[PDB]
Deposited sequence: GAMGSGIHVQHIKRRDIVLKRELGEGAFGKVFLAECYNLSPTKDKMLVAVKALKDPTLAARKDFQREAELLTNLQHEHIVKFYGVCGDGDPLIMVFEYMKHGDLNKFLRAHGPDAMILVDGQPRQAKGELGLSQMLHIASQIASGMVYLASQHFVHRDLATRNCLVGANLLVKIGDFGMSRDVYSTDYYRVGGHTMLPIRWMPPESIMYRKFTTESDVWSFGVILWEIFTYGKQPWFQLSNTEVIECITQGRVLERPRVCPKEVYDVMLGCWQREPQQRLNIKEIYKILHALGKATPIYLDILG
């Protein structure tokens, strides 16, 4: 089966808490004997706090998954740490934090069109990769993207901080979900494409919450009714057309992520 890379606990030097959740705890840390270059490098370390029996089993399958789910625009997974007490995963560190915060902090030094396209294109690139791996994310949103140096952007999936972005039972990011996911919890590459359209809207509104005006009930009604977010002020019409292509009511009518990437990448290269 899949051999997950193991990192010695003693090679991890914890530096600072980045965050906490009901389930996880994330640290910034230095890791020795990892880099091919440097002596030590920065990493992000997630330690599970007193996990269930299923949680343990879940952790191991996720580690095996992440071992090969590897791409320039997917947050880098390095391996698991220690020997289970507790369960620790080690990821690269992305020094500019989550994209939603980043967006809101550069909104009315501002992001120009070329920067917003570069951001969007990188995310679509990661999604092209995910689709090639039959991987359905289910919670694509800028809060789950991270930003590194030079506006490098990568997709993760993080376990609180954005509770408002989920609806009560497990939490669903309804504002990012298409009608068939809300109704049937049918998640596919096509519902991720729908989510990406909303990511585009987030980027071009500097990280505003979709349907901020509406209640969760009203959002369900809204999406089901086939209503869509309006074009953001600084969103070029072709980019909005891409958004609408993501928001086709019938999943098989949606643009595929390869088409979306091809368009956004060209536009970003041209501007």
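**Q** From the N-terminus onward, what segments of the deposited sequence lack any C-alpha atom in this model?
**A** Deposited residues absent from the model fall in 1-5, 114-127, 179-181, 191-193, 297-304.
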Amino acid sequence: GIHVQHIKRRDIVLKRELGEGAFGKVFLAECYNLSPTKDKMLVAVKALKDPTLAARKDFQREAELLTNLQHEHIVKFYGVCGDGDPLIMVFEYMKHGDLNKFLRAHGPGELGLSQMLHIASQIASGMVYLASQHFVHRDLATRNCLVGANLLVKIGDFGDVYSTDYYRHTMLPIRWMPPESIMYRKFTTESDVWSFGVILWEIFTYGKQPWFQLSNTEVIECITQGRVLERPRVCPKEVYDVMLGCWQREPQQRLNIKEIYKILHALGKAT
From here on, numbers count along this sequence of modelled residues.
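**Q** One third of the other compared structures is the cut-off here: is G148 left unmodelled in that many or more?
**A** That residue is present in all of the other compared entries.
**Q** I'd like to know whether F23, which is modelled here, goes unmodelled in a third or more of the other compared entries that cover its flanking residues.
**A** Across the other compared entries, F23 is absent from at least a third.
**Q** Higher mean Cα B-factor in the deposited model: 50-58 or 226-234?
**A** Comparing 50-58 with 226-234, the higher mean C-alpha B-factor belongs to 50-58.
**Q** For the higher mean C-alpha B factor in the entry, choose 140-148 or 99-107.
**A** The deposited B-factors put 99-107 ahead on the C-alpha mean.
**Q** Kindly indicate the residue among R175, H118, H169, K154 with the greatest C-alpha B-factor in the PDB record.
**A** The listed residue with the largest C-alpha B-factor is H169.
**Q** Quick one: which of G126, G79, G197, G112 shows the highest Cα temperature factor in the PDB entry?
**A** Spelled out: the listed residue with the top C-alpha B-factor is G112.
**Q** Split the chain's modelled residues into thirds by Cα B-factor; is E259 in the lowest, middle or highest one?
**A** Its C-alpha B-factor belongs to the lowest third of this chain's values.
**Q** Can you tell me which third, lowest, middle or highest, the CA B-factor of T164 falls into for its chain?
**A** Within its chain, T164 is a highest-third residue by C-alpha B-factor, going by the deposited values.
**Q** Among the modelled residues of this chain, does the Cα B factor of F158 put it in the lowest, middle or highest third?
**A** For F158, whose C-alpha B-factor we compare with every modelled residue in the chain, the answer is the highest third.
**Q** Per the entry's values, where does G207 land by CA temperature factor relative to the rest of its chain, in the lowest, middle or highest third?
**A** It falls in the middle third of the chain.
**Q** Is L87 in the lowest, middle or highest third of its chain when residues are ranked by C-alpha B-factor?
**A** As the PDB entry reports it, the C-alpha B-factor of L87 lands in the highest third of its chain.
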